[PDB]
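Engineer: Pasting a structure here, questions to come.
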Amino acid sequence: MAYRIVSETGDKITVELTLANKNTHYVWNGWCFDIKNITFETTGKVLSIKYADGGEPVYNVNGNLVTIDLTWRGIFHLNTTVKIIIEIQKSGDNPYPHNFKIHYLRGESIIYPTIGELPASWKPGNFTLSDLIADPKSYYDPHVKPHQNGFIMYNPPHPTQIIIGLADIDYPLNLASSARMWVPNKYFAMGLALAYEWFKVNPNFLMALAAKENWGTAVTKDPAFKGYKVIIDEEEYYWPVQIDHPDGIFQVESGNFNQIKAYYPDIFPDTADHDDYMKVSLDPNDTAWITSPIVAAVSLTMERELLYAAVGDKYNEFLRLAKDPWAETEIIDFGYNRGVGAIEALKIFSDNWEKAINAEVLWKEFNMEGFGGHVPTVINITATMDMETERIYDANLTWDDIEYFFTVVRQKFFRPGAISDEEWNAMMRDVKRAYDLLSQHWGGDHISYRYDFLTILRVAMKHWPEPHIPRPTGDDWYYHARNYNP
Amino acid sequence: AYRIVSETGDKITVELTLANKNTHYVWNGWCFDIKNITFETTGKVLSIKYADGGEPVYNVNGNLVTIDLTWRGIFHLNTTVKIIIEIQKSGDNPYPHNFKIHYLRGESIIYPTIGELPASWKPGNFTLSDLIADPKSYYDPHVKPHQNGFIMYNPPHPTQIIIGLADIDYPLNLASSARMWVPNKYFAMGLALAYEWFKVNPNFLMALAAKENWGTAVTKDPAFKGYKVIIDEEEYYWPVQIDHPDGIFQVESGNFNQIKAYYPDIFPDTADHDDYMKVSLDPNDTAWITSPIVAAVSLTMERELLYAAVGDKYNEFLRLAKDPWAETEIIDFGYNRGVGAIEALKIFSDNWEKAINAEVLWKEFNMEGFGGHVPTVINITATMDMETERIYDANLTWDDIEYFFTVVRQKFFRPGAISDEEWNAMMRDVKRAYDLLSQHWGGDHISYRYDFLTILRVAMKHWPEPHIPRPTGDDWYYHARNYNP
Ligand SMILES: [Co+2]
Ligand SMILES: [Co+2]
Ligand SMILES: [Co+2]
Ligand SMILES: [Co+2]
Ligand SMILES: [Co+2]
Ligand SMILES: [Co+2]
Ligand SMILES: [Co+2]
């Protein structure tokens, strides 16, 4: 930050720390800053730490390190400035305040595993086909490799492919005899893939979640479950989805929607509406079909973010000490069904750490059954879709479909100022190039969703404001996250 | 709720349980914001800590101890915080006592009562004398002048609505002259609702709308070309932009959402900016009723904010300010520019003397606004206040009243504030009132000016009290606490 020695007289040193938000107009990940604390080092004796405009923040000294807390003052909107004055009595080899480190109210060691990248040879504007594909052999390799990923894809099955295992379910889903995973339309798969590349969220998990919450991504041969007749490979199936539900296929309540709307200003514009973004229709042209998955993912992501803000490094520590290989998925799903308050009540990272890290099956030992066996159902369907090597979902995409998709993305997400008109148009030109380039493999009439859409997405994301995942901020966020004691 | 956990030796350990008891939503109990908790003792405070780890900030001034929760001071539904206090026994009264929770709201906020129904009034079956205290004053035409700005401290008449449709002999939005008139009667119903509910002078809302969007004023000036309005065989031009989504009060969506978050008791979650604010040429549009109230709320919010930041001193200023229109100036200026402008002026802080000594507040502080906003609004308000010649009046059928209250139920409040039984019986009492004081006019209509305050009060005999809820929530706490005017 910006500090300055105001005066050194006698043995006391007076330093002015200017903490401020510089931005006047909205910028990416700079609309509002939330500061948990400000740490600095000194060997001298701290006399007093006060605000310049009256009052003093709460601080405490542990050896060489001093931690300053802003408490209720820690909210920095646009064009906000707070000056802090520090007095120190000169002592030791290094008495002057130094090594200032502002700790934002966010997971300092949060983990978002990279799925894959474009070749370093890739350039904006005019690129070649070899600048899109690192290795055509693996890029078109059909062979399906099994994986055991839950909510977050730490270890991707393939860096450039989309493995959505449309597996058959041999165990009860919503009290059914059996079930079969299928995708309603391709635009929803585009949404799943966008959430996958952007937020590193396993699409199979969103499939399981939607299927459990509203039969959104699953059908069954069970006669009791009567609904829309879906034909797959000369086989009649019943789709008991409630397509008229305003909470969408992910069952997102309006309260949660508005809350995560306030949490992420960089993602959700002010004109956003619950029913518009979530409630889908039988018509695949509905915008919601694309917006519904991402939003859900965001919500899920939010929960994770929250934990990273409350537990910090310890979170990651748990990940290497937990015997249950599905623990994170369990916690996140359970928190999605019940609420973050349920997670806070479980107190895994607090009072009940030992039982948590020692239990081989986390969701059984904590009696977190959810609503009608929610957690185990979601986990099981996710794992089953992960193990599927026989049949993987694929789709054909025309250019107008891509245009439609990105137009929808521009219309429903982001905020004026994040991406101006120029480089967005240029972005669409680069996506045009990419499309026409790797469509020559299929005959220039279509591109493969599974094989190509990750590449398309990455080409499109070469222009997206980085860091790609913005920090959840704002008023509500600060105090809902700071009060969080899991 | 405090309790002596243990007294051992000379140290006393007390457990203070601070919590929100409500699980389902209730009126003015959805969220509690606590600035501080004060208690008295003569002993020596050893330590004040939270039960779940950490300690709040406190300080002792003699017998009084002030506890501050800071970032912990937000209490949503079903939230509980336990605080442990240790005190060393000393003096005549050592035990913690006289606990006083100071909510983050004006402790001495002033909302002057305009008038009341007779104490003889009962729910269900009442008489005509239970509605009218004195028929003489109740139907007295004679118009008494007044000098009220934003808040009606001294009402001209307790049961009447004096909307002075006066002629303006000075420039409003660069016009040669202007004439105040009401678009439709439903908007007047809205103005009156804001008047009885939030104690806001309807003339002020008239001036505000007129200045912001020509919403309540017409002119004979030829340059100002627009919709032709005929009043008493006289052609007038109405240069209102009826297609503006910000409504006739020019309320930006940001402000709308902010005050939407500030008042959970007033605005439901499904509320939309364009739906509530943007009106149309058709008087049947719901916005025509919702637009004034909302605006008033916004205005009220500003005032509330000051009451939270300055407290008693606010009222003190009211009796020390030489300018009799100071509050109106500050509120209007804050509405045009923003509360940040008021915070920047620092009247109650660094520049108190010049503020209370200046006879004309808005001239000495150079707060001209946008194109002379403040003085225009003040002048139009005062002119409408001085008007005794011609007062606005309207005729109301029962279906109009039904429409009004249905709109109110649909657009405002929150599920749980007023149950169905409560509303249905209320509407029956309003039916009774209507039919009762319609017998004076022939049972075909009721007078807006003379009767609608009575109707409103009859309807408000069932409304959840206190009628004006406290602005609360996350945004409110820290936007109000950071406020240093
Ligand atoms: Co604990
Ligand atoms: Co083909
Ligand atoms: Co990138
Ligand atoms: Co804020
Ligand atoms: Co000051
Ligand atoms: Co009452
Ligand atoms: Co909150």
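If you're wondering about the labels, chains in the structure tokens are A, B, ... by order shown, residues count from 1 in each chain, ligands from 1 in order shown.
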Taking only C-alpha atoms and all ligand atoms into account, list the residues no farther than 9 Å from ligand 6, as a ChimeraX atom specification.
Structural biologist: /B:116,457-467
Engineer: Which residues are near ligand 1 - at most 8 Å, using only C-alpha atoms and all ligand atoms? Format: as a PyMOL selection string.
Structural biologist: (chain A and resi 347+350-351+485-486) or (chain B and resi 52-53)
Engineer: I'd like the contact shell of residue 61 (chain B) - 12 Å cut-off, only C-alpha atoms, skipping same-chain residues fewer than 2 positions apart - returned as a PyMOL selection string.
Structural biologist: chain B and resi 38-42+44-45+58-59+63-67
Engineer: With a distance cut-off of 12 Å and only C-alpha atoms, select the neighbouring residues of residue 459 (chain A), excluding the residue or stretch itself and same-chain residues fewer than 2 positions from it, and output the selection as an NGL selection string.
Structural biologist: :A and (116-120 or 122-125 or 127 or 131-133 or 197 or 426-435 or 452-457 or 461-464)
Engineer: May I have the residues of chain B within 9 Å of chain A, counting only C-alpha atoms, written as a PyMOL selection string?
Structural biologist: chain B and resi 57+70-72+74+253-254+257+269-270+473-475+477-478+481-482
Engineer: Run DSSP on the backbone of this structure and report the residues of region 312-456 of chain B it assigns to strand (DSSP E), as a JSON list (two decimals) with N, CA, C and O atoms, in the first residue's frame.
Structural biologist:
```json
[["chain", "number", "residue", "atom", "x", "y", "z"],
["B", 395, "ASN", "N", -63.38, 13.35, -6.57],
["B", 395, "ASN", "CA", -64.48, 12.47, -6.19],
["B", 395, "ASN", "C", -64.05, 11.02, -6.31],
["B", 395, "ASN", "O", -63.42, 10.63, -7.30],
["B", 396, "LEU", "N", -64.39, 10.21, -5.30],
["B", 396, "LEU", "CA", -63.94, 8.83, -5.26],
["B", 396, "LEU", "C", -65.10, 7.84, -5.15],
["B", 396, "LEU", "O", -65.89, 7.90, -4.20],
["B", 446, "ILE", "N", -67.12, 10.17, -2.33],
["B", 446, "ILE", "CA", -66.56, 10.80, -1.14],
["B", 446, "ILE", "C", -65.52, 11.84, -1.55],
["B", 446, "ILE", "O", -64.83, 11.67, -2.56],
["B", 447, "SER", "N", -65.43, 12.92, -0.78],
["B", 447, "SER", "CA", -64.48, 13.98, -1.08],
["B", 447, "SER", "C", -63.07, 13.57, -0.69],
["B", 447, "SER", "O", -62.83, 13.18, 0.46]]
```
Engineer: Show me which residues are within 8 Å of ligand 2 counting only C-alpha atoms and all ligand atoms, and format the list as number ranges by chain.
Structural biologist: A: 396, 442-443, 445-446
Engineer: Please produce a file of the residues just selected, as a PDB file, in the first residue's frame, where the atoms kept are N, CA, C and O atoms.
Structural biologist:
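Dumped to part.pdb:
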```pdb
ATOM      1  N   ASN A 396     -23.650 -31.429 -32.380  1.00  0.00           N
ATOM      2  CA  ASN A 396     -23.173 -30.704 -33.550  1.00  0.00           C
ATOM      3  C   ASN A 396     -23.562 -29.235 -33.448  1.00  0.00           C
ATOM      4  O   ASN A 396     -24.694 -28.915 -33.086  1.00  0.00           O
ATOM      5  N   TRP A 442     -14.536 -31.686 -39.947  1.00  0.00           N
ATOM      6  CA  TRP A 442     -15.856 -32.314 -39.970  1.00  0.00           C
ATOM      7  C   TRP A 442     -16.610 -32.032 -41.268  1.00  0.00           C
ATOM      8  O   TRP A 442     -17.688 -32.580 -41.498  1.00  0.00           O
ATOM      9  N   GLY A 443     -16.042 -31.176 -42.111  1.00  0.00           N
ATOM     10  CA  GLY A 443     -16.659 -30.850 -43.383  1.00  0.00           C
ATOM     11  C   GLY A 443     -17.169 -29.424 -43.451  1.00  0.00           C
ATOM     12  O   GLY A 443     -17.873 -29.051 -44.388  1.00  0.00           O
ATOM     13  N   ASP A 445     -19.417 -28.005 -41.914  1.00  0.00           N
ATOM     14  CA  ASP A 445     -20.852 -27.866 -41.694  1.00  0.00           C
ATOM     15  C   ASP A 445     -21.190 -27.806 -40.206  1.00  0.00           C
ATOM     16  O   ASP A 445     -22.258 -27.326 -39.825  1.00  0.00           O
ATOM     17  N   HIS A 446     -20.274 -28.290 -39.372  1.00  0.00           N
ATOM     18  CA  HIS A 446     -20.479 -28.290 -37.928  1.00  0.00           C
ATOM     19  C   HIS A 446     -19.176 -28.528 -37.170  1.00  0.00           C
ATOM     20  O   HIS A 446     -18.180 -28.961 -37.748  1.00  0.00           O
TER      21      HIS A 446
END
```
Engineer: Give me, as a PyMOL selection string, the set of residues whose atoms come within 9 Å of any atom of ligand 5, counting only C-alpha atoms and all ligand atoms.
Structural biologist: (chain A and resi 53-54) or (chain B and resi 346+348-351+484-485)
Engineer: Would you write out those residues with N, CA, C and O atoms, as a compact mmCIF listing (two decimals), in the first residue's frame?
Structural biologist:
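Wrote out30.txt, looks like this:
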```txt
# COMPACT_ATOMS: atom_id res chain seq x y z
N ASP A 53 -9.13 10.65 10.50
CA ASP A 53 -10.39 11.38 10.62
C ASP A 53 -11.11 11.05 11.93
O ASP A 53 -12.33 11.20 12.03
N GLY A 54 -10.35 10.61 12.92
CA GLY A 54 -10.91 10.30 14.23
C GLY A 54 -11.19 8.83 14.41
O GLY A 54 -11.61 8.14 13.48
N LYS B 346 -20.77 18.72 5.93
CA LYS B 346 -20.42 18.66 7.35
C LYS B 346 -21.02 19.82 8.14
O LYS B 346 -20.29 20.65 8.69
N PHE B 348 -23.19 19.34 10.80
CA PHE B 348 -23.24 18.94 12.20
C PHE B 348 -21.86 18.59 12.75
O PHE B 348 -21.73 18.06 13.85
N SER B 349 -20.82 18.88 11.97
CA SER B 349 -19.46 18.54 12.36
C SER B 349 -18.55 19.76 12.43
O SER B 349 -18.54 20.49 13.42
N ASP B 350 -17.78 19.96 11.37
CA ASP B 350 -16.75 20.99 11.34
C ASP B 350 -17.31 22.40 11.11
O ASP B 350 -16.72 23.39 11.54
N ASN B 351 -18.45 22.48 10.43
CA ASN B 351 -19.05 23.78 10.11
C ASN B 351 -20.43 23.96 10.72
O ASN B 351 -21.42 24.13 10.01
N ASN B 484 -20.24 10.39 8.54
CA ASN B 484 -19.78 11.47 9.41
C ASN B 484 -20.06 12.84 8.80
O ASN B 484 -19.20 13.44 8.17
N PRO B 485 -21.29 13.34 9.00
CA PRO B 485 -21.71 14.64 8.47
C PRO B 485 -21.18 15.81 9.30
O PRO B 485 -21.98 16.51 9.93
```
Engineer: Could you list, as a compact mmCIF listing (two decimals) with C-alpha atoms, in the first residue's frame, every residue within 12 Å of residue 368 (chain A), counting only C-alpha atoms and ignoring same-chain residues fewer than 6 positions away?
Structural biologist:
```txt
# COMPACT_ATOMS: atom_id res chain seq x y z
CA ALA A 327 -15.58 -35.05 1.38
CA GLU A 330 -20.39 -33.89 0.26
CA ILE A 331 -19.89 -30.63 2.14
CA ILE A 332 -20.64 -28.45 -0.89
CA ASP A 333 -23.75 -30.38 -1.96
CA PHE A 334 -25.09 -30.58 1.59
CA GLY A 335 -24.49 -26.86 1.92
CA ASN A 337 -29.41 -28.22 -0.21
CA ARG A 338 -29.56 -27.04 3.40
CA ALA A 342 -25.67 -26.09 8.06
CA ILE A 343 -21.97 -26.27 7.22
CA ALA A 345 -23.25 -25.74 12.32
CA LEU A 346 -21.36 -28.94 11.51
CA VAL A 361 -17.36 -42.04 5.16
CA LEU A 362 -17.98 -38.40 6.05
CA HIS A 374 -29.72 -35.87 -1.36
CA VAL A 375 -25.96 -36.03 -0.78
CA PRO A 376 -25.44 -39.77 -1.39
```
